[PDB]
Structures are given as C-alpha cells and as structure tokens.
Amino acid sequence: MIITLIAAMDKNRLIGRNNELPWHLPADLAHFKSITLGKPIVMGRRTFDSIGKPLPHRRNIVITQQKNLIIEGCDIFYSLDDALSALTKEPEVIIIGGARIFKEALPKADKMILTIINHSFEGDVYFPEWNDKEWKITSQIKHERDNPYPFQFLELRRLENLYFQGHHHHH
Ligand SMILES: NC(=O)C1=CN([C@@H]2O[C@H](COP(=O)(O)OP(=O)(O)OC[C@H]3O[C@@H](n4cnc5c(N)ncnc54)[C@H](OP(=O)(O)O)[C@@H]3O)[C@@H](O)[C@H]2O)C=CC1
Ligand SMILES: COc1cc(Cc2cnc(N)nc2N)cc(OC)c1OC
C-alpha cells in the first residue's frame with residue numbers, strides 16, 4: 001500500500017480557517033479531483049463536515065472516535081490505523097486531511113502531493129512540518145496567477161538513506 005498525503009497550503013503551510021479553506025483556487029480543485037477519482041480517500045470527521053457530503057466517484061472513509069456516528073455514503077473507522085488495516089489490498093490510499101489527520105499520517109506517508117500557494121492567508125490550522133532530509137522532490141510545476149494567486153504543484157516521495165542506499169551505476 002502506498003500512503004499518499006494530498007494537501008493545498010499557503011507559503012506558511014496554512015491549510016484552513018474556521019473549518020473552511022482560506023481561499024478558492026479552481027486549479028487546485030481540478031487537480032485534487034483528477035488525482036483522487038477511483039482511489040480510497042481518508043479524511044477526519046471535521047473535514048467531512050466541512051465538505052458536507054461524500055465526494056462523488058470515490059470511496060469516502062471518515063475517521064471518528066464517535067462509536068454511534070452514522071454518515072450516509074461513507075465508511076467509518078475509529079482510527080487511522082484501523083482504516084489503513086482495512087485498506088491493506090489497495091495499491092494506494094490517499095489521505096485528504098485535515099490538520100490532525102495529516103499530522104498523524106505523516107510518519108507513515110510514502111508520498112506527498114502538495115499545492116503550495118505563493119501568498120500569506122489568515123487562518124488557524126497548518127500542514128505538519130516534514131523533514132527535508134527524508135523526502136525527495138519527484139515533480140515541481142509552477143503556475144502564474146490568472147486563479148488569482150501564483151501556485152505550484154510539488155510531489156515528494158519518501159527516501160532511503162545515503163549510507164545504506166543502492167546506487168544506479170557500478171564500475
Ligand atoms: N488545505 C487543505 O488541503 C485541507 C484543509 N482542510 C482544513 O483542515 C481543517 C480541519 O482539520 P482538523 O480540525 O484538524 O480536523 P480533521 O479533519 O483532521 O478531523 C479531526 C477529527 O477527526 C477524528 N480523528 C482524527 N484522528 C483520529 C484518530 N486517530 N482516531 C479517531 N478519530 C480521529 C476526530 O473526530 P471526532 O471528533 O468525531 O471523534 C477528530 O475530531 C479545516 O480548516 C479544513 O478546511 C482539510 C483538509 C484539506
Ligand atoms: C473538493 O473539495 C474539497 C477538498 C478538500 C481536500 C483537499 C483539496 N485540495 C488538495 N490539494 N488537497 C486536499 N486534501 C478540502 C475541502 O474543504 C476542507 C473541500 O471543500 C471545498
């Protein structure tokens with residue numbers, strides 16, 4: 001199973017304000033949808049509440065501690081680990097937020113697909129700081145504003161150590 005975090009953030013890693021997105025960025029919404037269709041998506045309960053309904057054409061998984069919580073059109077699990085355990089056969093599970101889920105998922109994540117907006121918004125929740133020594137950039141695409149803020153799509157893949165790593169060429 002590949003664990004992938006997808007998130008949109010500003011230059012300070014801000015992702016949210018009052019349980020809403022701090023911006024409207026159509027390019028990001030198109031990107032997110034095209035990436036997530038036909039994959040299982042995992043979100044925390046507040047993010048589901050923010051979205052307000054299941055995202056169509058995808059398996060919506062919601063994490064909550066509330067044992068008797070019912071959400072039509074979503075699968076409920078009582079921990080991220082329980083969800084990941086149930087999805088063992090999936091080639092890729094996409095974690096879609098929010099801040100609490102991202103923080104918990106990051107130590108298990110293999111991949112990150114990040115939209116980074118070149119602007120500073122006002123807000124209350126952030127994407128977790130990742131260790132730049134642990135991850136390599138596999139794709140970076142910068143976009144000028146039109147989408148009224150400039151933005152980039154940055155893809156990262158988790159590494160494996162210079163001391164122990166294999167090498168591409170040998171004499
Ligand atoms: N910019 C972006 O890409 C994104 C932004 N957002 C933003 O993030 C914010 C929401 O994030 P946040 O408030 O952190 O909430 P989350 O979306 O991470 O949901 C938190 C809730 O999820 C449940 N939960 C999380 N982890 C566990 C666990 N390990 N075991 C059991 N239950 C768990 C709990 O539900 P319960 O209370 O029911 O027990 C908890 O209150 C919003 O502002 C939203 O707009 C969200 C996604 C992406
Ligand atoms: C498709 O609509 C929404 C999607 C998301 C999650 C999300 C959106 N974009 C990116 N790049 N990563 C994510 N995890 C979060 C939302 O609100 C918190 C949405 O409602 C506007």
# chains A, B, ... in the order shown; residues from 1 in each chain; ligands from 1
>>> residues_around(residues="residue 13 in chain A", least_positions_apart="2", cutoff="8 Å", atoms="only C-alpha atoms", output="short mmCIF file (atom, residue, chain, number, x, y, z; two decimals) with N, CA and C atoms, in the first residue's frame")
data_model
loop_
_atom_site.label_atom_id
_atom_site.label_comp_id
_atom_site.auth_asym_id
_atom_site.auth_seq_id
_atom_site.Cartn_x
_atom_site.Cartn_y
_atom_site.Cartn_z
N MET A 9 -1.78 24.21 0.52
CA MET A 9 -1.35 25.09 1.60
C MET A 9 -0.76 26.39 1.07
N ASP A 10 -0.73 27.42 1.92
CA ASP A 10 -0.06 28.65 1.54
C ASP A 10 1.44 28.55 1.88
N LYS A 11 2.16 29.64 1.68
CA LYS A 11 3.62 29.64 1.81
C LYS A 11 4.07 29.33 3.25
N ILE A 15 -3.48 25.66 5.97
CA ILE A 15 -4.45 24.89 5.20
C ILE A 15 -5.93 25.20 5.50
N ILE A 116 1.17 24.43 -3.32
CA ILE A 116 1.70 25.49 -2.47
C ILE A 116 1.39 26.83 -3.12
N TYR A 126 -2.59 24.24 10.21
CA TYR A 126 -1.41 24.07 9.34
C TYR A 126 -1.14 22.61 8.99
N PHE A 127 -0.48 22.43 7.85
CA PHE A 127 0.04 21.15 7.46
C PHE A 127 1.30 20.89 8.29
N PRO A 128 1.56 19.63 8.65
CA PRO A 128 2.73 19.37 9.51
C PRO A 128 4.05 19.64 8.81
N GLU A 129 5.03 20.14 9.56
CA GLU A 129 6.38 20.33 9.04
C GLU A 129 6.97 18.95 8.76
#
>>> residues_near_ligand(ligand="ligand 2", cutoff="6 Å", atoms="only C-alpha atoms and all ligand atoms", output="list in words")
residues 6, 7, 8, 20, 21, 28, 29, 32, 47, 50, 51, 96, 97 and 115 of chain A
>>> write_last_selection(atoms="N, CA and C atoms", output="PDB file, in the first residue's frame")
ATOM      1  N   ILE A   6      -2.361  14.360   0.196  1.00  0.00           N
ATOM      2  CA  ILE A   6      -2.600  15.423  -0.773  1.00  0.00           C
ATOM      3  C   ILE A   6      -3.130  16.597   0.034  1.00  0.00           C
ATOM      4  N   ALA A   7      -2.571  17.786  -0.189  1.00  0.00           N
ATOM      5  CA  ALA A   7      -2.980  18.955   0.557  1.00  0.00           C
ATOM      6  C   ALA A   7      -2.681  20.197  -0.257  1.00  0.00           C
ATOM      7  N   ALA A   8      -3.461  21.245   0.016  1.00  0.00           N
ATOM      8  CA  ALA A   8      -3.213  22.572  -0.506  1.00  0.00           C
ATOM      9  C   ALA A   8      -2.880  23.482   0.654  1.00  0.00           C
ATOM     10  N   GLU A  20     -12.932  25.796   7.226  1.00  0.00           N
ATOM     11  CA  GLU A  20     -13.090  26.047   5.798  1.00  0.00           C
ATOM     12  C   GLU A  20     -11.708  26.264   5.187  1.00  0.00           C
ATOM     13  N   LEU A  21     -11.635  26.164   3.868  1.00  0.00           N
ATOM     14  CA  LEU A  21     -10.449  26.559   3.124  1.00  0.00           C
ATOM     15  C   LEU A  21     -10.296  28.071   3.201  1.00  0.00           C
ATOM     16  N   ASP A  28      -6.539  24.155  -8.128  1.00  0.00           N
ATOM     17  CA  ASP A  28      -6.337  23.136  -7.113  1.00  0.00           C
ATOM     18  C   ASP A  28      -7.493  22.145  -7.039  1.00  0.00           C
ATOM     19  N   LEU A  29      -8.729  22.631  -7.111  1.00  0.00           N
ATOM     20  CA  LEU A  29      -9.889  21.731  -7.032  1.00  0.00           C
ATOM     21  C   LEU A  29      -9.915  20.748  -8.215  1.00  0.00           C
ATOM     22  N   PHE A  32      -7.041  18.183  -7.531  1.00  0.00           N
ATOM     23  CA  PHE A  32      -7.432  17.261  -6.465  1.00  0.00           C
ATOM     24  C   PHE A  32      -8.392  16.183  -6.962  1.00  0.00           C
ATOM     25  N   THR A  47     -13.174  17.496   8.559  1.00  0.00           N
ATOM     26  CA  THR A  47     -13.058  17.707   7.116  1.00  0.00           C
ATOM     27  C   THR A  47     -14.312  17.211   6.383  1.00  0.00           C
ATOM     28  N   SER A  50     -16.844  19.847   6.982  1.00  0.00           N
ATOM     29  CA  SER A  50     -16.535  20.980   6.105  1.00  0.00           C
ATOM     30  C   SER A  50     -17.025  20.749   4.671  1.00  0.00           C
ATOM     31  N   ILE A  51     -16.743  19.576   4.122  1.00  0.00           N
ATOM     32  CA  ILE A  51     -17.190  19.237   2.762  1.00  0.00           C
ATOM     33  C   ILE A  51     -18.712  19.026   2.713  1.00  0.00           C
ATOM     34  N   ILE A  96      -6.642  12.883   2.771  1.00  0.00           N
ATOM     35  CA  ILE A  96      -7.033  14.201   2.266  1.00  0.00           C
ATOM     36  C   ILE A  96      -7.217  15.279   3.343  1.00  0.00           C
ATOM     37  N   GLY A  97      -6.900  14.956   4.595  1.00  0.00           N
ATOM     38  CA  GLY A  97      -6.904  15.935   5.696  1.00  0.00           C
ATOM     39  C   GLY A  97      -7.869  15.562   6.802  1.00  0.00           C
ATOM     40  N   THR A 115      -0.104  21.293  -3.141  1.00  0.00           N
ATOM     41  CA  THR A 115      -0.303  22.564  -3.821  1.00  0.00           C
ATOM     42  C   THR A 115       0.203  23.632  -2.872  1.00  0.00           C
TER      43      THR A 115
END
>>> closest_residue(among="A:82, A:23, A:60, A:100", to="ligand 1", atoms="only C-alpha atoms and all ligand atoms")
A:100
>>> residues_around(residues="residue 27 in chain A", least_positions_apart="5", cutoff="12 Å", atoms="only C-alpha atoms", output="PyMOL selection string")
chain A and resi 8+32-34+115-117+142-153
>>> write_last_selection(atoms="N, CA and C atoms", output="CSV table (one decimal), in the first residue's frame")
chain,number,residue,atom,x,y,z
A,8,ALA,N,-3.5,21.2,0.0
A,8,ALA,CA,-3.2,22.6,-0.5
A,8,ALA,C,-2.9,23.5,0.7
A,32,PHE,N,-7.0,18.2,-7.5
A,32,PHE,CA,-7.4,17.3,-6.5
A,32,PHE,C,-8.4,16.2,-7.0
A,33,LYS,N,-9.4,16.6,-7.7
A,33,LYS,CA,-10.4,15.7,-8.2
A,33,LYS,C,-9.8,14.7,-9.2
A,34,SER,N,-9.0,15.2,-10.2
A,34,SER,CA,-8.4,14.3,-11.2
A,34,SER,C,-7.5,13.3,-10.5
A,115,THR,N,-0.1,21.3,-3.1
A,115,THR,CA,-0.3,22.6,-3.8
A,115,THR,C,0.2,23.6,-2.9
A,116,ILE,N,1.2,24.4,-3.3
A,116,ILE,CA,1.7,25.5,-2.5
A,116,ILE,C,1.4,26.8,-3.1
A,117,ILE,N,0.7,27.7,-2.4
A,117,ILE,CA,0.2,29.0,-2.9
A,117,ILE,C,1.2,30.0,-2.5
A,142,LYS,N,5.4,25.1,-11.5
A,142,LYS,CA,4.9,26.5,-11.0
A,142,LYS,C,3.9,27.1,-12.0
A,143,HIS,N,2.9,27.8,-11.4
A,143,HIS,CA,1.9,28.4,-12.2
A,143,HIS,C,1.7,29.9,-11.8
A,144,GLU,N,1.7,30.7,-12.8
A,144,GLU,CA,1.4,32.1,-12.6
A,144,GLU,C,-0.1,32.3,-12.3
A,145,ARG,N,-0.4,33.4,-11.7
A,145,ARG,CA,-1.8,33.7,-11.4
A,145,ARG,C,-2.6,34.0,-12.7
A,146,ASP,N,-3.9,33.9,-12.7
A,146,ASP,CA,-4.8,34.1,-13.8
A,146,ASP,C,-5.7,35.3,-13.4
A,147,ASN,N,-7.7,31.9,-11.0
A,147,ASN,CA,-6.7,31.6,-10.0
A,147,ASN,C,-5.9,32.9,-9.7
A,148,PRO,N,-6.3,33.6,-8.7
A,148,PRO,CA,-5.7,35.0,-8.5
A,148,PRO,C,-4.4,35.0,-7.7
A,149,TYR,N,-3.9,33.9,-7.3
A,149,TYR,CA,-2.6,33.8,-6.7
A,149,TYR,C,-1.7,32.8,-7.4
A,150,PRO,N,-0.4,33.1,-7.5
A,150,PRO,CA,0.5,32.1,-8.1
A,150,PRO,C,0.6,30.9,-7.2
A,151,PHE,N,0.8,29.7,-7.8
A,151,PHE,CA,0.8,28.4,-7.1
A,151,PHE,C,1.7,27.4,-7.8
A,152,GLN,N,2.1,26.4,-7.1
A,152,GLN,CA,2.9,25.3,-7.7
A,152,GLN,C,2.3,23.9,-7.2
A,153,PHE,N,2.5,22.9,-8.0
A,153,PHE,CA,2.2,21.5,-7.6
A,153,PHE,C,3.6,20.9,-7.3
>>> residues_around(residues="residue 155 in chain A", least_positions_apart="3", cutoff="7 Å", atoms="only C-alpha atoms", output="mmCIF file with C-alpha atoms, in the first residue's frame")
data_model
loop_
_atom_site.group_PDB
_atom_site.id
_atom_site.type_symbol
_atom_site.label_atom_id
_atom_site.label_comp_id
_atom_site.auth_asym_id
_atom_site.auth_seq_id
_atom_site.Cartn_x
_atom_site.Cartn_y
_atom_site.Cartn_z
ATOM 1 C CA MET A 112 3.007 13.833 -0.781
ATOM 2 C CA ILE A 113 1.174 15.811 -3.487
ATOM 3 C CA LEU A 114 1.241 19.436 -2.348
ATOM 4 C CA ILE A 137 11.180 16.102 -4.984
ATOM 5 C CA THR A 138 9.853 13.988 -7.876
ATOM 6 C CA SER A 139 7.900 16.784 -9.609
ATOM 7 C CA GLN A 140 7.628 20.593 -9.337
#
